[PDB]
Amino acid sequence: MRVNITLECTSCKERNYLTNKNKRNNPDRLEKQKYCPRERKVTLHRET
Amino acid sequence: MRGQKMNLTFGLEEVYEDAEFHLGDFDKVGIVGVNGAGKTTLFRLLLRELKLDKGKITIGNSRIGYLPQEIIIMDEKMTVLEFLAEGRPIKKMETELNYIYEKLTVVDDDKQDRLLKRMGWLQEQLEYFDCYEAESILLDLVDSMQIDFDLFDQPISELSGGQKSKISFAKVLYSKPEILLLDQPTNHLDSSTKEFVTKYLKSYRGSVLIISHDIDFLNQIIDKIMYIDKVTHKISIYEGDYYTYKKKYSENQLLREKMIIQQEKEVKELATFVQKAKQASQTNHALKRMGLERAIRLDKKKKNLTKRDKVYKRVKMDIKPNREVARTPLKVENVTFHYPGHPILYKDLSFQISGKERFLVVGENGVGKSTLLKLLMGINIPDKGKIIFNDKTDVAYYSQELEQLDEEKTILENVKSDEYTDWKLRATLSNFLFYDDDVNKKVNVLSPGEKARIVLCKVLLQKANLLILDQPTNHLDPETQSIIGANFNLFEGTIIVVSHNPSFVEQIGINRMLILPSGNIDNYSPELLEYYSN
RNA sequence: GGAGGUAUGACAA
RNA sequence: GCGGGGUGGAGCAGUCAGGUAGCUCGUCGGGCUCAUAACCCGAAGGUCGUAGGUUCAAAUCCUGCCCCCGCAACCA
RNA sequence: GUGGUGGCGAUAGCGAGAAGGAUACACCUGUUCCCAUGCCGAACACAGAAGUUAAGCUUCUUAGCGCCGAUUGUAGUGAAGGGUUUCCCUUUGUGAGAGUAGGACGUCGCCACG
RNA sequence: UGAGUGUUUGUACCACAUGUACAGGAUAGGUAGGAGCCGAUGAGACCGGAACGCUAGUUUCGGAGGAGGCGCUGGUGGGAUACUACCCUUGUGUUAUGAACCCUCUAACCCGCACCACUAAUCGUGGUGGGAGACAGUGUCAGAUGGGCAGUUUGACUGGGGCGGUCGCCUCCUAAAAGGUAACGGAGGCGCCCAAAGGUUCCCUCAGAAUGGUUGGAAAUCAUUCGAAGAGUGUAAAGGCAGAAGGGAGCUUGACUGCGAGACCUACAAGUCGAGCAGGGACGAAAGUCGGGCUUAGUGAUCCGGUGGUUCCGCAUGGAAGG
RNA sequence: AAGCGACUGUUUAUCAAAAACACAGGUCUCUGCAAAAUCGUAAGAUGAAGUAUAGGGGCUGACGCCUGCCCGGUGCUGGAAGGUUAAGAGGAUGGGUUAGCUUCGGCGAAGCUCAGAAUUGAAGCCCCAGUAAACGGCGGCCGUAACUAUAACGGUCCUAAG
RNA sequence: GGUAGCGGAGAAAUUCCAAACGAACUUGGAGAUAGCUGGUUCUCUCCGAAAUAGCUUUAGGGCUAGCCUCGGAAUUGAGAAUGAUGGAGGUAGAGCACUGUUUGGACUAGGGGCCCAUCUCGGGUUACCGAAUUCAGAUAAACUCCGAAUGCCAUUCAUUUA
RNA sequence: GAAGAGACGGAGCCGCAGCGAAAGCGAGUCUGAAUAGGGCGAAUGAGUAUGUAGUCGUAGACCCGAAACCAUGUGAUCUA
RNA sequence: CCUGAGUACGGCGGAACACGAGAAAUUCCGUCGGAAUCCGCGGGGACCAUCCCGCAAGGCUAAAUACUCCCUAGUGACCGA
RNA sequence: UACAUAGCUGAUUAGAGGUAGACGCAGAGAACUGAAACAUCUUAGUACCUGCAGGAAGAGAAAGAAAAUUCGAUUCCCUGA
Ligand SMILES: Nc1ncnc2c1ncn2[C@@H]1O[C@H](COP(=O)(O)OP(=O)(O)OP(=O)(O)O)[C@@H](O)[C@H]1O
Ligand SMILES: Nc1ncnc2c1ncn2[C@@H]1O[C@H](COP(=O)(O)OP(=O)(O)OP(=O)(O)O)[C@@H](O)[C@H]1O
Ligand SMILES: [K+]
Ligand SMILES: [K+]
Ligand SMILES: [K+]
Ligand SMILES: [K+]
Ligand SMILES: [K+]
Ligand SMILES: [K+]
Ligand SMILES: [K+]
Ligand SMILES: [K+]
Ligand SMILES: [K+]
Ligand SMILES: [K+]
Ligand SMILES: [K+]
Ligand SMILES: [K+]
Ligand SMILES: [K+]
Ligand SMILES: [K+]
Ligand SMILES: [K+]
Ligand SMILES: [K+]
Ligand SMILES: [K+]
Ligand SMILES: [K+]
Ligand SMILES: [K+]
Ligand SMILES: [K+]
Ligand SMILES: [K+]
Ligand SMILES: [K+]
Ligand SMILES: [K+]
Ligand SMILES: [K+]
Ligand SMILES: [K+]
Ligand SMILES: [K+]
Ligand SMILES: [K+]
Ligand SMILES: [K+]
Ligand SMILES: [K+]
Ligand SMILES: [K+]
Ligand SMILES: [K+]
Ligand SMILES: [K+]
Ligand SMILES: [K+]
Ligand SMILES: [K+]
Ligand SMILES: [K+]
Ligand SMILES: [Mg+2]
Ligand SMILES: [Mg+2]
Ligand SMILES: [Mg+2]
Ligand SMILES: [Mg+2]
Ligand SMILES: [Mg+2]
Ligand SMILES: [Mg+2]
Ligand SMILES: [Mg+2]
Ligand SMILES: [Mg+2]
Ligand SMILES: [Mg+2]
Ligand SMILES: [Mg+2]
Ligand SMILES: [Mg+2]
Ligand SMILES: [Mg+2]
Ligand SMILES: [Mg+2]
Ligand SMILES: [Mg+2]
Ligand SMILES: [Mg+2]
Ligand SMILES: [Mg+2]
Ligand SMILES: [Mg+2]
Ligand SMILES: [Mg+2]
Ligand SMILES: [Mg+2]
Ligand SMILES: [Mg+2]
Ligand SMILES: [Mg+2]
Ligand SMILES: [Mg+2]
Ligand SMILES: [Mg+2]
Ligand SMILES: [Mg+2]
Ligand SMILES: [Mg+2]
Ligand SMILES: [Mg+2]
Ligand SMILES: [Mg+2]
Ligand SMILES: [Mg+2]
Ligand SMILES: [Mg+2]
Ligand SMILES: [Mg+2]
Ligand SMILES: [Mg+2]
Ligand SMILES: [Mg+2]
Ligand SMILES: [Mg+2]
Ligand SMILES: [Zn+2]
């Protein structure tokens, strides 16, 4: 099952990115190093 | 206690879906559900250990006494007294308070305000948890369950499963709580100890939520029964006892089933007419017209047609021995054993099993039942005597505390065997209700009941002719227990079993019972009650 | 002792 | 063209919702019988129409193909 | 002459045969070293110079294949017309594919050692 | 729309009783005060009754008798003894009651019951009985039912209309060598998938055929040779790709943020491509590549609503509500 | 001599006089009297100055012989344990404001105010039973006899019943 | 004499209710609405279409664009025709280099029945059937090793024109 | 004031500033971290009152035409 | 001491305010509940605090405004059977 | 029915009805139509009906408009738009 999801910045709790993942293939919340425009630097973004 | 729009989904397998529940104060609520239903998870939400993905869970401000389903032993060397003392925050605050005093000497006029406030709260909190408890706890053991003081200085990890349950139960009471969250409070207790727990819980004036698979135990205490559904991922709360819940529930599913039947009939009726028009001659204009008109009704019906919930599948066990039993599967002769520093459990113990025999090792908590079984397997080497297994005897061991699983590995990895291919493993795991990617789950996240199925699956896959089972029905939901007992009854091999569950032993049909500590190889009968009384 | 009532099996030999 | 069906000899399940091929009658052998029927005890008989996919795994899910059945194939 | 390195449609290729290592290039000797093989110092990497043109490589012969390919004629076709008009024909311009004459076993540079 | 009875209950006072874990003189509820207090208004001790009881005793009632005890002090324990107050548990009652039901009442209301008067009167209005009765009727509000009644909807394309088919998007042929180009013309696909099947650095080259070879067979894995693509490229077809876009490994998250000269497409709304600039990065020694995937489907305007962020607004002002 | 309708009657003034309607008879069902039913907002009327041998409604249609099976579904009728359920009652909790506190922080009584869960809450619906002169419905496949056919007979599926 | 149209009456035909009743007649709302049909009146001069695309409960309607007309602004003159030059593209034709369809010949793995030998083991056979290969010969909208004429895009180009 | 012209009446309207959803800033402004780019503007100015004509909107809106709908009334002198 | 009570106001259901329940003030109707009163009460578009403005639940009131069946005197780039 | 009241008799008082096919206030209150369909909405609180009127009616002497700091009953015209 593939679903749209939002990657929220851990540092600022900002929902910067939209993406999608397959729940079965990635049961755990996705985490990526993505640029946070508010903080203007790369931070850890975790799915919510 | 109130929960609204509760949602919770671990990965791909969901627990709650728009679930709701309201529990009034002073309600002895009996929480019921199959293994994995999410009963333990509910307490974690109440304890704020978990957070709902969506929805609100509301808890009162009162202090909560939590009895975990699994004993929490932070360190192996912890003593029973240390474990119990940790129930109260007396020790923790004193260590903090002692540091506050150190800071007061170091700091003159900078942090005094913060330190003084912290000291004041600790003193007021310490007095609130009156430091006289040191004496009260010592006598709480005596009045609670006749817990001997020799255990009081013994490492907790060395206690027996029944003994551990008493300590954990006493620790909850020692904390002096306001709401009782009991997760299987009688998992390993013997008949006598269960009596005390029942009486105390009947008298307990406050609210107590009980997760239990013992129907009789709940019926004596429960006034409200909360059922966690495994298929609908919802919560339903009934007034009454376990039987009342079953009566109300069975009727509701019956009335729901009849509704779905009639909706299907009407759909079939329309479908049958639509087909009749579909195959009629193109020259029959009116029938063709009516066929399209009914096709519209058929579509609207099929879109409002309730789906019948898939009935939760029950476990299927087919245990068969690879080889054949001998007339003397196991020979125990003049076996004596004592744990270094403790009294001898048995002296010159000698028994001989016959083959395809139901052998019950009776006793009470902390009497050596699990020690004897460990003795047979080879975990414990006998201090004296010999234990001989016939070369025709293959042995399968079910430990009491579920110590045969790797928490770090997955379900499939645990059951991996050199003698079985992958699809063979999956088929059996499906018979144990582990479907598809449920087998890739780490054993560390499973409930005790689901883990018990994995241990049983390992026992089944051995295809041994001798089964050494130590409380097999423990942690199992009532439905799975009856399946376990019924299938063992038909097992064509020797069974050495330990069980404090009267129903399970009856299904197995015991032949000879071995009483402890007074070694007595006896024919099985309702005289078992006589030994229990004496 | 007696009396009125309360499943199938040809045909001939 | 619209549907319904291909599972042991026959009639049927199972299929939706993947894990384990069953029920009734029948056939074969042996019992019981003077003999037959009934009855009793054992045994055989299908890899699910077929070919491909999907899956760790298919009677079950997907595609095609072949057979069998009912209907339709034209209305003022 | 050889070794690097490029441009140009294989007319530079492929196949077959022959000659050479002075240098150079290679095979070639090893695995202690950096480094490596879902196993293998085969390869990649490194160290090194006993032997050999055997192969690669270079040069040369060959038109067998592959490649390039004129002219002539023809098919089609723009334009203008015709007929007995699903097609066919004439004038004019254009003109293939195919098949051939033939071409061709390369050429144009730069560097380094000779 | 008003009286009562009773019953079951909820609340709130008020009386009563109850507090025994270890130690402790022993039946220690908590706090505060307490050296002094209580008793001829009948104390101690004794006896009987009753209650509680953890069985140890505690409370209370009474018989006689008549003047005494208790506390402090002392030791125990975390906590100390009398007595007072404030109260706290547990379980008894009184009262106030609030509800739910129970019937009973009667004066509201009702009588297409009788009789009496207005009165010529089967109307009506009064009067007297009778019946019924806080019901019924009526008003407001709510649920159910309600073709009895009412307002309306109940596609389009189409070799007439009906039946069947189709409706948006992608690829090919038709399409007449730019682009575009119809038919109920001929073929197929889409409503996704991938955490790598993306990015980057490095590395590799296929399918088949022959020969040889245990299980092993046409065909499993292995070796040599022949092999320019006859393979593969998630998924239809076309175009493209062997200087790879195919395959493998390491590291990663550029499947980035703000944009964007200029183009293509186009009625509009949309759609497509984009060098380059900045911010901050991945890989790589560097060059440099990276704003998803070989390319082209995998999607839906506005209104309305949900979630998150926000130095925006905030109906006198500060907030808020709401945007 | 056949069909239809029992009959005399009635009907589309002005294309249909009939097998159509009515009918006596049958049957079902409602209705205890301020009856049910109907007209009417209501009052007031009809029913009826009648009273279950009466009145209304549905169907059938003289008479004669008869009127089979199905109550699963839909209606009606009865039931009342349980599930579900409105207004109203109820008011735990959560916001807004701010007297006052406050460590930029922030907290926050009362009042007012915006929301509000538990609990209580009828009928109806689900559910159970009956009812067909209520609405309606009233089957398949395979094998069997002395020529052949056919199947009295035997299997098996389905259904509320075939 | 009574019953009056959201109605009455109906031995029931949509039957009657003032010579047309699936809802009387009259007046009013009212000049209802009509993407439909018909009609729309003097003259001359200049210019002069379209019957297409897209979307549409859209298809005989409508909206934007395209095509016509009138006025205006401005330009490195950007339009048209023809020529020269350069390009993009795969059609006609042709071809078999790929993919389908296909004919005959050579050879043949292999498959067929005959007998011997059968443990069905090895033959030897039909000018038995015969894949692959090869030779020769065709064929194609959805085949291409090739490939036009034309048309198309463009040029600070040339001539003429506007 | 003659049913006139006209006089008074500057309230108000249009234009001379735009950009932004808004606070707000202003020949700039908005987006943006940005002196970047880009959007809309300024540079690069003509408007306004009235008359007249073309077209449009609201009104029946170029004219005629329904079957019908709704609200008061009139009809049982035919016919049931 | 007096200053408009079953009133204002609230719940429910409608309606009027340009405002169709909407965040919705203000006004009115029906039904039920139901205040304060000068230290009081209402309003300033939910609501609260502060501030400002006002004093309901009683009545009357000319002029500017609408119209012309009629009467008198006239007018018209209004008609002319 | 005792007092009474009701009824009855007489006297006294002021209403009835019509308009002007206009204007005003109120009760009750459509549909076609528009939305290219249609139900919310629109037509429209319009047409019609009914009541009450007066020469005018209705409104009117702030529990108001505001927040420039102020204005000071109502109505109507211009403007806000
Ligand atoms: N971290 C987790 N990750 C994935 N799955 C989880 C996790 N935690 C719980 N689950 C799943 O939640 C399901 C239900 O939770 P829970 O453990 O409370 O069941 P349970 O009823 O308490 O079990 P039992 O009654 O046998 O003790 C489990 O089957 C378990 O597999
Ligand atoms: N590893 C050990 N070390 C020291 N003592 C032990 C150990 N294991 C058990 N004991 C003691 O042995 C005694 C009995 O052993 P055992 O574990 O067999 O009890 P049991 O029969 O299983 O009782 P139950 O299962 O009902 O709890 C316990 O009192 C326990 O304290
Ligand atoms: K080497
Ligand atoms: K060589
Ligand atoms: K060559
Ligand atoms: K009542
Ligand atoms: K035609
Ligand atoms: K990679
Ligand atoms: K007749
Ligand atoms: K008749
Ligand atoms: K008859
Ligand atoms: K006749
Ligand atoms: K008739
Ligand atoms: K009859
Ligand atoms: K009847
Ligand atoms: K009938
Ligand atoms: K009758
Ligand atoms: K039935
Ligand atoms: K029924
Ligand atoms: K508050
Ligand atoms: K008639
Ligand atoms: K070919
Ligand atoms: K072609
Ligand atoms: K800028
Ligand atoms: K700018
Ligand atoms: K001007
Ligand atoms: K003008
Ligand atoms: K007009
Ligand atoms: K016009
Ligand atoms: K008449
Ligand atoms: K309002
Ligand atoms: K105000
Ligand atoms: K005011
Ligand atoms: K008038
Ligand atoms: K309407
Ligand atoms: K319309
Ligand atoms: K007045
Ligand atoms: Mg659990
Ligand atoms: Mg044990
Ligand atoms: Mg040529
Ligand atoms: Mg209707
Ligand atoms: Mg309408
Ligand atoms: Mg049509
Ligand atoms: Mg047709
Ligand atoms: Mg083209
Ligand atoms: Mg062309
Ligand atoms: Mg790829
Ligand atoms: Mg404000
Ligand atoms: Mg305000
Ligand atoms: Mg007749
Ligand atoms: Mg007659
Ligand atoms: Mg006639
Ligand atoms: Mg006639
Ligand atoms: Mg009849
Ligand atoms: Mg008819
Ligand atoms: Mg007539
Ligand atoms: Mg109108
Ligand atoms: Mg002209
Ligand atoms: Mg051709
Ligand atoms: Mg009349
Ligand atoms: Mg008359
Ligand atoms: Mg309104
Ligand atoms: Mg009200
Ligand atoms: Mg108010
Ligand atoms: Mg003032
Ligand atoms: Mg006036
Ligand atoms: Mg005239
Ligand atoms: Mg004349
Ligand atoms: Mg309309
Ligand atoms: Mg007057
Ligand atoms: Zn961030």
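Read-outs: derived from the displayed coordinates by stated rules, not from any lab. Cβ coordinates were reconstructed from backbone atoms using ideal geometry, including for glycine residues, and neighbour counts include every protein chain displayed.
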| request: Give B:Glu401, B:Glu407, B:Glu364 a once-over and let me know the one that is within 16 Å of ligand 38 (Cβ to nearest atom) and surrounded by 14 or more Cβ atoms within 10 Å (Cβ to Cβ). | output: B:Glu401
| said: Take B:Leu425 and tell me if it is away from ligand 2 (no atom under 16 Å from the Cβ), more than 14 Å from chain A (Cβ to nearest Cβ) and either polar (S, T, N, Q) or under 28 Å from the mean Cα position of the chain (by Cα) (or both). | reply: yes
| query | Residues of segment B:417-472 being surrounded by fewer than 21 Cβ atoms within 10 Å (Cβ to Cβ), polar (S, T, N, Q) and away from ligand 1 (no atom under 15 Å from the Cβ), which ones? | reply | B:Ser417, B:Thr421, B:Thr428, B:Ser430, B:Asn431, B:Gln462
| request: Among residues belonging to segment B:43-85 that are more than 14 Å from every other protein chain (Cβ to nearest Cβ), among the basic types (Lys, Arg) and over 24 Å from the mean Cα position of the chain (by Cα), point out the one that is farthest from RNA strand I (Cβ to nearest atom). | output: B:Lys77
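Report whether or not B:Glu251 is more than 16 Å from ligand 38 (Cβ to nearest atom), among the acidic types (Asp, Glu), free of Cβ contacts under 8 Å to residues at least 12 places away in the same chain and closer than 30 Å to B:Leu23 by Cβ.
Numbers: more than 16 Å from ligand 38 (Cβ to nearest atom): yes; among the acidic types (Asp, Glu): yes; free of Cβ contacts under 8 Å to residues at least 12 places away in the same chain: yes; closer than 30 Å to B:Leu23 by Cβ: yes.
Judged against the criteria, B:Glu251 is a match.
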| Filtered residue count, segment B:49-69, keeping only those that are away from ligand 38 (no atom under 14 Å from the Cβ) and either surrounded by 11 or more Cβ atoms within 10 Å (Cβ to Cβ) or under 22 Å from B:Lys234 (Cβ atoms) (or both) | 13
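Consider B:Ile483 carefully, then state whether it is surrounded by fewer than 19 Cβ atoms within 10 Å (Cβ to Cβ), part of a helix (DSSP H, G or I), more than 14 Å from chain A (Cβ to nearest Cβ) and of a type in the set (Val, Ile, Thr).
Working: surrounded by fewer than 19 Cβ atoms within 10 Å (Cβ to Cβ): yes; part of a helix (DSSP H, G or I): yes; more than 14 Å from chain A (Cβ to nearest Cβ): yes; of a type in the set (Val, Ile, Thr): yes.
So B:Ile483 passes the test.
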| message | Looking only at segment B:73-115, filter to residues that are surrounded by fewer than 12 Cβ atoms within 10 Å (Cβ to Cβ) and among the aliphatic types (A, V, I, L, M); which one of those is farthest from B:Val142 (Cα to Cα)? | response | B:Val106
| remark: Within segment B:144-171, of all residues that are touching a residue at least 60 places away in the same chain (Cβ under 8 Å) and of a type in the set (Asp, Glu), the one farthest from ligand 2 (Cβ to nearest atom) is B:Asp153
| query | Which of the residues belonging to segment B:1-40 are within 30 Å of A:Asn22 (Cβ to Cβ), surrounded by fewer than 18 Cβ atoms within 10 Å (Cβ to Cβ) and away from chain A (no Cβ under 14 Å)? | reply | B:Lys5, B:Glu17, B:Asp18
| If you check every pair at least six apart or on different chains, which have Cβ atoms under 7 Å apart with a residue in segment B:195-221 that is within 21 Å of B:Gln146 (Cα to Cα) first and a residue that is among the basic types (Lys, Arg) second? | B:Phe217/B:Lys194
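Answer yes or no as to whether A:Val3 is more than 16 Å from ligand 2 (Cβ to nearest atom), without any contact (Cβ under 8 Å) to a residue 12 or more places away in the chain and in a strand (DSSP E or B). Steps first, answer last, please.
Details: more than 16 Å from ligand 2 (Cβ to nearest atom): yes; without any contact (Cβ under 8 Å) to a residue 12 or more places away in the chain: no; in a strand (DSSP E or B): yes.
Spelling it out, it is not the case that A:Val3 is more than 16 Å from ligand 2 (Cβ to nearest atom), without any contact (Cβ under 8 Å) to a residue 12 or more places away in the chain and in a strand (DSSP E or B).
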| task | Could you run through segment A:9-45 and say how many residues are of a type outside the set (A, V, I, L, M), surrounded by 13 or more Cβ atoms within 10 Å (Cβ to Cβ) and within 14 Å of chain B (Cβ to nearest Cβ)? | result | 6
